[PDB]
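The file start-v4.cif contains mmCIF, C-alpha atoms and all ligand atoms:
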```
data_work
#
loop_
_atom_site.label_atom_id
_atom_site.label_comp_id
_atom_site.auth_asym_id
_atom_site.auth_seq_id
_atom_site.Cartn_x
_atom_site.Cartn_y
_atom_site.Cartn_z
CA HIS O 3 84.97 92.68 85.42
CA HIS O 4 86.11 95.63 87.42
CA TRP O 5 89.20 94.35 89.14
CA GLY O 6 89.50 92.94 92.60
CA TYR O 7 91.13 90.16 94.59
CA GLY O 8 88.82 87.19 93.93
CA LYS O 9 89.12 84.11 91.74
CA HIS O 10 87.61 85.76 88.67
CA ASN O 11 88.98 89.28 88.93
CA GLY O 12 92.11 89.03 91.06
CA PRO O 13 95.80 89.76 90.42
CA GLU O 14 96.29 87.05 87.79
CA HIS O 15 93.52 88.67 85.69
CA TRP O 16 94.79 92.24 85.92
CA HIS O 17 97.03 92.09 82.87
CA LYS O 18 94.01 91.90 80.54
CA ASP O 19 92.89 95.49 81.41
CA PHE O 20 96.42 96.68 82.47
CA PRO O 21 99.09 94.98 80.29
CA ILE O 22 101.90 96.65 82.26
CA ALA O 23 101.07 94.06 84.94
CA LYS O 24 103.63 91.90 83.14
CA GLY O 25 106.16 94.73 82.91
CA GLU O 26 109.80 95.10 83.85
CA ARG O 27 109.36 96.97 87.20
CA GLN O 28 106.28 95.59 88.91
CA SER O 29 105.57 95.62 92.66
CA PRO O 30 105.51 94.12 95.17
CA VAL O 31 108.58 91.88 95.27
CA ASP O 32 110.27 89.46 97.63
CA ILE O 33 113.14 91.16 99.43
CA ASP O 34 115.91 88.61 99.64
CA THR O 35 117.84 90.11 102.59
CA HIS O 36 121.08 88.32 101.76
CA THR O 37 121.17 89.59 98.15
CA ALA O 38 120.15 93.20 98.89
CA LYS O 39 123.29 95.33 98.82
CA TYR O 40 124.19 97.82 101.50
CA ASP O 41 124.66 101.14 99.76
CA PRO O 42 126.66 103.48 102.02
CA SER O 43 125.80 106.38 99.65
CA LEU O 44 122.05 106.19 100.51
CA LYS O 45 121.02 109.07 102.81
CA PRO O 46 118.84 108.77 105.86
CA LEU O 47 115.21 109.16 104.97
CA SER O 48 113.67 112.52 105.98
CA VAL O 49 110.04 112.13 107.17
CA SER O 50 108.50 115.56 107.99
CA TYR O 51 104.93 114.97 109.14
CA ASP O 52 104.63 117.55 111.97
CA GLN O 53 102.30 119.76 109.90
CA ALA O 54 100.24 116.94 108.33
CA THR O 55 96.53 117.75 107.76
CA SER O 56 94.37 114.62 107.48
CA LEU O 57 90.99 115.18 105.83
CA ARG O 58 88.86 112.07 105.30
CA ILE O 59 88.79 108.31 105.72
CA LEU O 60 87.28 106.38 102.79
CA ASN O 61 86.39 102.79 101.81
CA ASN O 62 87.33 102.65 98.10
CA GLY O 63 86.31 99.01 97.42
CA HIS O 64 89.91 97.73 97.58
CA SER O 65 91.24 99.13 100.91
CA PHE O 66 90.49 102.00 103.27
CA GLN O 67 92.48 105.20 102.97
CA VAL O 68 93.21 108.28 105.05
CA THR O 69 93.58 111.30 102.75
CA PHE O 70 95.66 114.41 103.45
CA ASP O 71 95.80 117.99 102.19
CA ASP O 72 98.56 117.83 99.54
CA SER O 73 98.01 121.44 98.34
CA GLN O 74 101.19 122.53 100.21
CA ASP O 75 104.44 121.02 101.58
CA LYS O 76 102.95 120.06 105.02
CA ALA O 77 103.76 116.38 105.21
CA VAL O 78 106.76 115.52 103.05
CA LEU O 79 109.25 112.78 102.35
CA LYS O 80 112.77 113.71 101.18
CA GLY O 81 116.30 112.28 101.28
CA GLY O 82 116.94 108.56 101.28
CA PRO O 83 117.09 107.48 97.65
CA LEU O 84 114.95 110.47 96.55
CA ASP O 85 115.75 113.68 94.70
CA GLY O 86 113.42 116.48 95.62
CA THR O 87 110.32 116.69 97.74
CA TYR O 88 107.36 114.33 97.85
CA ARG O 89 104.00 115.30 99.37
CA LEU O 90 101.87 112.84 101.38
CA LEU O 91 98.56 112.21 99.63
CA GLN O 92 97.14 109.24 101.52
CA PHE O 93 97.84 106.09 103.45
CA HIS O 94 96.09 102.75 103.28
CA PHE O 95 96.68 99.11 104.19
CA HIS O 96 96.71 95.59 102.74
CA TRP O 97 95.81 92.68 105.01
CA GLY O 98 94.92 89.03 105.18
CA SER O 99 92.11 86.73 106.22
CA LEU O 100 94.53 85.30 108.87
CA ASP O 101 97.74 86.61 110.37
CA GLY O 102 100.06 84.53 108.17
CA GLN O 103 99.34 86.58 105.05
CA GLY O 104 98.41 90.13 104.11
CA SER O 105 101.65 91.90 103.25
CA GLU O 106 102.49 92.63 99.64
CA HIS O 107 106.27 92.76 100.01
CA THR O 108 107.75 89.72 101.60
CA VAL O 109 111.12 89.34 103.41
CA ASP O 110 112.98 86.08 102.61
CA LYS O 111 109.49 84.84 101.61
CA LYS O 112 108.03 85.73 105.01
CA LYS O 113 104.55 87.31 104.79
CA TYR O 114 103.40 89.79 107.42
CA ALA O 115 99.80 90.17 108.62
CA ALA O 116 99.46 93.53 106.92
CA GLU O 117 101.32 96.31 105.16
CA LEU O 118 100.89 100.05 105.47
CA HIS O 119 101.57 102.25 102.46
CA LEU O 120 102.12 105.98 102.80
CA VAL O 121 101.79 107.37 99.29
CA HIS O 122 103.67 110.55 98.28
CA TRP O 123 104.11 112.33 94.93
CA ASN O 124 106.98 114.41 93.55
CA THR O 125 106.14 118.12 93.70
CA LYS O 126 108.09 118.81 90.52
CA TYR O 127 105.18 117.25 88.61
CA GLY O 128 102.55 119.40 90.33
CA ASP O 129 99.78 116.84 90.82
CA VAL O 130 99.50 113.10 91.41
CA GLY O 131 97.90 112.33 88.01
CA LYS O 132 100.93 113.80 86.27
CA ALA O 133 103.34 112.14 88.69
CA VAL O 134 102.03 108.61 88.00
CA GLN O 135 103.10 109.12 84.38
CA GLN O 136 106.80 109.54 85.41
CA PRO O 137 109.35 106.95 86.47
CA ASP O 138 110.20 109.04 89.59
CA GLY O 139 106.75 110.38 90.22
CA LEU O 140 105.78 108.65 93.46
CA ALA O 141 107.51 107.48 96.63
CA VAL O 142 105.67 104.89 98.70
CA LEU O 143 106.79 104.23 102.25
CA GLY O 144 105.96 100.61 103.16
CA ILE O 145 105.67 99.42 106.75
CA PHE O 146 104.99 95.83 107.82
CA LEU O 147 102.51 94.96 110.58
CA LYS O 148 102.91 91.93 112.84
CA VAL O 149 100.36 90.87 115.46
CA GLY O 150 101.27 91.24 119.12
CA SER O 151 101.02 94.37 121.23
CA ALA O 152 98.61 97.12 120.21
CA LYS O 153 99.74 100.18 118.29
CA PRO O 154 98.18 103.11 120.17
CA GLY O 155 98.55 105.48 117.24
CA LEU O 156 96.42 103.17 115.08
CA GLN O 157 93.43 103.10 117.42
CA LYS O 158 91.79 106.29 116.18
CA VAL O 159 91.67 104.71 112.70
CA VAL O 160 90.33 101.32 113.92
CA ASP O 161 87.56 103.01 115.85
CA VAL O 162 85.91 104.69 112.90
CA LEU O 163 86.00 101.69 110.51
CA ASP O 164 82.44 100.71 111.55
CA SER O 165 81.30 103.98 109.87
CA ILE O 166 82.86 103.14 106.41
CA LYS O 167 81.95 99.46 106.17
CA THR O 168 81.09 99.37 102.46
CA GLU O 169 82.51 100.68 99.24
CA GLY O 170 81.92 104.43 98.76
CA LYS O 171 81.45 105.39 102.42
CA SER O 172 83.65 108.10 103.88
CA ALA O 173 83.89 110.10 107.10
CA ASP O 174 85.58 113.21 108.49
CA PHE O 175 89.04 112.24 109.70
CA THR O 176 90.78 115.36 110.87
CA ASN O 177 93.74 115.80 113.25
CA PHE O 178 95.17 112.35 112.67
CA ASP O 179 98.92 112.20 113.20
CA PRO O 180 100.64 109.62 110.97
CA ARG O 181 103.81 109.79 113.07
CA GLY O 182 102.02 107.42 115.41
CA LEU O 183 102.23 104.63 112.82
CA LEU O 184 106.03 104.71 112.41
CA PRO O 185 108.50 102.18 113.89
CA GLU O 186 111.61 103.35 115.78
CA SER O 187 114.12 102.75 112.98
CA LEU O 188 114.02 104.24 109.51
CA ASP O 189 116.38 101.60 108.13
CA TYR O 190 115.04 100.63 104.73
CA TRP O 191 115.30 98.71 101.52
CA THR O 192 114.66 100.55 98.22
CA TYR O 193 114.02 99.51 94.62
CA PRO O 194 112.24 100.94 91.51
CA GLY O 195 108.70 99.60 91.06
CA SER O 196 105.06 100.23 90.51
CA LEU O 197 101.62 100.85 92.00
CA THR O 198 100.45 97.52 93.39
CA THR O 199 96.84 98.24 92.29
CA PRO O 200 95.51 99.14 88.84
CA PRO O 201 96.67 101.00 86.86
CA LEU O 202 99.96 99.36 88.04
CA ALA O 203 101.89 102.35 86.72
CA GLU O 204 105.67 102.04 86.85
CA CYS O 205 106.17 105.30 88.72
CA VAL O 206 107.21 104.38 92.23
CA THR O 207 110.41 104.55 94.26
CA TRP O 208 109.68 101.98 96.94
CA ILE O 209 111.07 102.57 100.45
CA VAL O 210 110.31 99.53 102.65
CA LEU O 211 111.18 99.82 106.34
CA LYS O 212 112.98 96.86 107.90
CA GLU O 213 111.36 97.21 111.30
CA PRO O 214 107.70 96.17 111.51
CA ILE O 215 105.15 97.78 113.82
CA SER O 216 103.14 95.57 116.16
CA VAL O 217 99.34 95.82 116.17
CA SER O 218 96.91 93.85 118.28
CA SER O 219 94.65 91.02 117.19
CA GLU O 220 91.67 93.25 118.01
CA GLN O 221 92.98 96.03 115.75
CA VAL O 222 93.48 93.73 112.74
CA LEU O 223 90.12 92.01 113.38
CA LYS O 224 88.46 95.39 112.78
CA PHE O 225 90.19 95.66 109.35
CA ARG O 226 88.65 92.28 108.51
CA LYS O 227 85.07 93.51 109.18
CA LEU O 228 85.21 95.89 106.22
CA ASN O 229 83.42 94.91 103.02
CA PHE O 230 84.58 94.97 99.42
CA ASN O 231 80.96 95.34 98.37
CA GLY O 232 78.66 98.33 98.36
CA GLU O 233 75.79 98.61 100.81
CA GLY O 234 72.90 96.32 99.75
CA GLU O 235 75.08 93.86 97.75
CA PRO O 236 75.99 90.38 99.01
CA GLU O 237 78.47 90.79 101.95
CA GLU O 238 82.06 89.87 100.98
CA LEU O 239 84.66 90.56 103.64
CA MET O 240 87.49 92.95 102.61
CA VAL O 241 90.30 90.45 103.35
CA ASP O 242 93.31 89.32 101.34
CA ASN O 243 93.49 92.61 99.41
CA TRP O 244 97.17 92.06 98.62
CA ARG O 245 98.98 91.53 95.31
CA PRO O 246 101.54 88.68 95.47
CA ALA O 247 105.27 89.14 94.83
CA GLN O 248 106.16 89.83 91.18
CA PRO O 249 109.32 89.00 89.27
CA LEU O 250 112.34 91.11 90.21
CA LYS O 251 113.82 90.90 86.70
CA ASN O 252 116.70 93.29 86.14
CA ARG O 253 116.43 95.20 89.42
CA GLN O 254 118.67 95.64 92.43
CA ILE O 255 117.27 96.07 95.93
CA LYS O 256 119.54 98.33 97.99
CA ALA O 257 119.68 98.49 101.80
CA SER O 258 120.31 101.66 103.83
CA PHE O 259 121.91 99.63 106.63
CA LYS O 260 124.63 97.00 107.25
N1 LIG O 301 99.24 100.08 96.72
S1 LIG O 301 100.03 101.38 96.27
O1 LIG O 301 100.55 102.17 97.42
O2 LIG O 301 101.07 100.96 95.36
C1 LIG O 301 98.87 102.40 95.57
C2 LIG O 301 99.13 103.87 95.31
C3 LIG O 301 98.05 104.50 94.45
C4 LIG O 301 98.09 105.98 94.45
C5 LIG O 301 97.01 106.65 93.66
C6 LIG O 301 97.32 106.89 92.20
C7 LIG O 301 96.21 107.31 91.27
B1 LIG O 301 95.11 106.12 90.78
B2 LIG O 301 94.75 106.54 89.09
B3 LIG O 301 95.70 108.02 88.68
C8 LIG O 301 96.50 108.50 90.09
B4 LIG O 301 95.14 109.38 89.71
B5 LIG O 301 93.97 108.16 89.09
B6 LIG O 301 93.62 107.02 90.42
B7 LIG O 301 93.90 108.74 90.82
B8 LIG O 301 94.62 107.48 91.84
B9 LIG O 301 95.57 108.97 91.42
ZN ZN O 302 99.15 99.80 98.76
#
```

Written as structure tokens, how would this file's structure read?
Ligand SMILES: [N]S(=O)(=O)[C][C][C][C][C][C]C123[B@]45[B@@]67[B@@]89[C@]1%10B81%11B698B746B814B562B%10%1143
Ligand SMILES: [Zn+2]
Amino acid sequence: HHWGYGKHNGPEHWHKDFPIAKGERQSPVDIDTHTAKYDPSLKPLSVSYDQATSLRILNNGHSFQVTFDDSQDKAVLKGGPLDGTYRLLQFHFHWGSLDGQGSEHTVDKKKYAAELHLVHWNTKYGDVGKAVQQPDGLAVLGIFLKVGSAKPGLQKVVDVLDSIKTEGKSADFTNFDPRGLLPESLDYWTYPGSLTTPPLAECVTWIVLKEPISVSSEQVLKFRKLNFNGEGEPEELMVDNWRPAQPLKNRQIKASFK
């Protein structure tokens, strides 16, 4: 049992191969908006994506991901709760079988239809493998998706998903601008946590934006046509690829806004 999201290999099984699943700083979590403290010392987040170079889009058996050139400081996250500079490696999504679930973080127990993660790693550690071994190695920018109006900036992604239906498939995905996926406000919540997929490493500063983006029903329906399986294996829709909320334990969620 390679891990997944089903009855026999899903999140409640992960601790057997990855014991840190039951650790002290696991993600995602419920963001209780009334308990999160406004921290007037938190800086605005700096998102510098003007020089981003997308490379490929890939179905990895658990999500689909757009990968970027992280060999230079072209698309970087700085400021906010972070020290130093974090390079964009990839983005991917988590989504549901229906619109009432799909997000990993929840807000006062509310689930969104999907959640976008933009994954960045701290350049002081030189590469992402080294960064995942450090408590401040990664910064993941989390954006909620609700269903309503279409997101134009998402359409270029949606339109190539038919070409990466099954696990292992990839395609050229150049000149994609991730600025088109961002909401107006960069107000955020932040807390120390983990990767939400194996190996569940406790290396992430989470930055979760308050404002969701709206996507259309037709856009999310295309997510739901992807397959967890490889080509030629029984077809199993890539849906509900989200880890549930984990215990907060001894952590404080801080808000950038009043
Ligand atoms: N859902 S989420 O946003 O929390 C997920 C972020 C996963 C980022 C990739 C980290 C990795 B995985 B293990 B070690 C590092 B080296 B090897 B494989 B390579 B990938 B890279
Ligand atoms: Zn993720």

List all protein, DNA and RNA residues that have an atom no more than 7 Å from any atom of ligand ZN 302 (chain O), counting all atoms listed in the file, and report them as a PyMOL selection string. chain O and resi 94-96+118-119+198

Contacts of ligand LIG 301 (chain O), 10 Å or closer, all atoms listed in the file, given as a PyMOL selection string: chain O and resi 28-30+64-65+91-96+106+117-123+129-135+140-144+195-206+208+243-245

List as a PyMOL selection string the protein and nucleic acid residues near residue 186 (chain O), meaning an atom at most 10 Å away when all atoms listed in the file are counted, but skip any in the same chain fewer than 4 places from it. chain O and resi 213-215

May I have the selected residues written with C-alpha atoms, as a PDB file, in the frame of the given file?
```pdb
ATOM      1  CA  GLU O 213     111.360  97.210 111.300  1.00  0.00           C
ATOM      2  CA  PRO O 214     107.700  96.170 111.510  1.00  0.00           C
ATOM      3  CA  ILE O 215     105.150  97.780 113.820  1.00  0.00           C
TER       4      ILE O 215
END
```

How many Å separate CA of residue 8 (chain O) from CA of residue 108 (chain O)?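 Taking CA of residue 8 (chain O) and CA of residue 108 (chain O), their separation equals 20.6 Å.
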
Neighbours of residue 155 (chain O) within 12 Å (only C-alpha atoms; same-chain residues fewer than 5 positions away dropped), as a list in words? residues 160, 161, 178, 179, 180, 181, 182, 183, 184, 185, 215, 216, 217, 218 and 221 of chain O

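The residue that comes closest to residue 124 (chain O), out of O:79, O:240, O:109, O:145 and on the basis of only C-alpha atoms, is O:79.
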
List the neighbours of residue 19 (chain O) out to 10 Å using all atoms listed in the file; skip same-chain residues closer than 3 positions along the sequence, and give me the result as a VMD selection string. chain O and resid 3 to 5 15 to 16 22 to 23 200 to 201

Next, dump the selected residues to file, keeping only C-alpha atoms, as an mmCIF file, keeping the file's coordinate frame.
```
data_model
loop_
_atom_site.group_PDB
_atom_site.id
_atom_site.type_symbol
_atom_site.label_atom_id
_atom_site.label_comp_id
_atom_site.auth_asym_id
_atom_site.auth_seq_id
_atom_site.Cartn_x
_atom_site.Cartn_y
_atom_site.Cartn_z
ATOM 1 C CA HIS O 3 84.970 92.680 85.420
ATOM 2 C CA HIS O 4 86.110 95.630 87.420
ATOM 3 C CA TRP O 5 89.200 94.350 89.140
ATOM 4 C CA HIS O 15 93.520 88.670 85.690
ATOM 5 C CA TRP O 16 94.790 92.240 85.920
ATOM 6 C CA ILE O 22 101.900 96.650 82.260
ATOM 7 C CA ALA O 23 101.070 94.060 84.940
ATOM 8 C CA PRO O 200 95.510 99.140 88.840
ATOM 9 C CA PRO O 201 96.670 101.000 86.860
#
```

When you draw a straight line from CA of residue 189 (chain O) to CA of residue 255 (chain O), how long is it in Å?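 Separation of CA of residue 189 (chain O) and CA of residue 255 (chain O): 13.4 Å.
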
Nearest residue to residue 112 (chain O) out of O:257, O:57, O:44, O:31, using only C-alpha atoms?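 Of O:257, O:57, O:44, O:31, the one nearest residue 112 (chain O), counting only C-alpha atoms, is O:31.
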
N, CA and C atoms are needed for region 177-190 of chain O; please write them out as a JSON list (two decimals), in the coordinates of the input.
```
[["chain", "number", "residue", "atom", "x", "y", "z"],
["O", 177, "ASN", "N", 92.79, 115.81, 112.12],
["O", 177, "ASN", "CA", 93.74, 115.80, 113.25],
["O", 177, "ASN", "C", 94.31, 114.43, 113.54],
["O", 178, "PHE", "N", 94.46, 113.61, 112.51],
["O", 178, "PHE", "CA", 95.17, 112.35, 112.67],
["O", 178, "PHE", "C", 96.65, 112.53, 112.37],
["O", 179, "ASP", "N", 97.49, 112.04, 113.28],
["O", 179, "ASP", "CA", 98.92, 112.20, 113.20],
["O", 179, "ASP", "C", 99.59, 110.92, 112.73],
["O", 180, "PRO", "N", 100.06, 110.88, 111.47],
["O", 180, "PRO", "CA", 100.64, 109.62, 110.97],
["O", 180, "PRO", "C", 101.99, 109.26, 111.59],
["O", 181, "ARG", "N", 102.59, 110.15, 112.37],
["O", 181, "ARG", "CA", 103.81, 109.79, 113.07],
["O", 181, "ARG", "C", 103.59, 108.63, 114.03],
["O", 182, "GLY", "N", 102.36, 108.48, 114.49],
["O", 182, "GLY", "CA", 102.02, 107.42, 115.41],
["O", 182, "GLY", "C", 102.01, 106.03, 114.81],
["O", 183, "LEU", "N", 102.20, 105.91, 113.50],
["O", 183, "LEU", "CA", 102.23, 104.63, 112.82],
["O", 183, "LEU", "C", 103.64, 104.19, 112.48],
["O", 184, "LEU", "N", 104.64, 105.00, 112.85],
["O", 184, "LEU", "CA", 106.03, 104.71, 112.41],
["O", 184, "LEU", "C", 106.80, 103.88, 113.43],
["O", 185, "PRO", "N", 107.65, 102.95, 112.97],
["O", 185, "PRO", "CA", 108.50, 102.18, 113.89],
["O", 185, "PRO", "C", 109.66, 103.06, 114.35],
["O", 186, "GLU", "N", 110.47, 102.57, 115.29],
["O", 186, "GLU", "CA", 111.61, 103.35, 115.78],
["O", 186, "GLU", "C", 112.65, 103.67, 114.69],
["O", 187, "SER", "N", 113.04, 102.64, 113.93],
["O", 187, "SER", "CA", 114.12, 102.75, 112.98],
["O", 187, "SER", "C", 113.56, 103.12, 111.63],
["O", 188, "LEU", "N", 114.31, 103.96, 110.92],
["O", 188, "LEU", "CA", 114.02, 104.24, 109.51],
["O", 188, "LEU", "C", 114.96, 103.52, 108.57],
["O", 189, "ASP", "N", 115.65, 102.48, 109.04],
["O", 189, "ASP", "CA", 116.38, 101.60, 108.13],
["O", 189, "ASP", "C", 115.43, 101.00, 107.07],
["O", 190, "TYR", "N", 115.89, 100.99, 105.84],
["O", 190, "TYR", "CA", 115.04, 100.63, 104.73],
["O", 190, "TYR", "C", 115.73, 99.90, 103.64]]
```
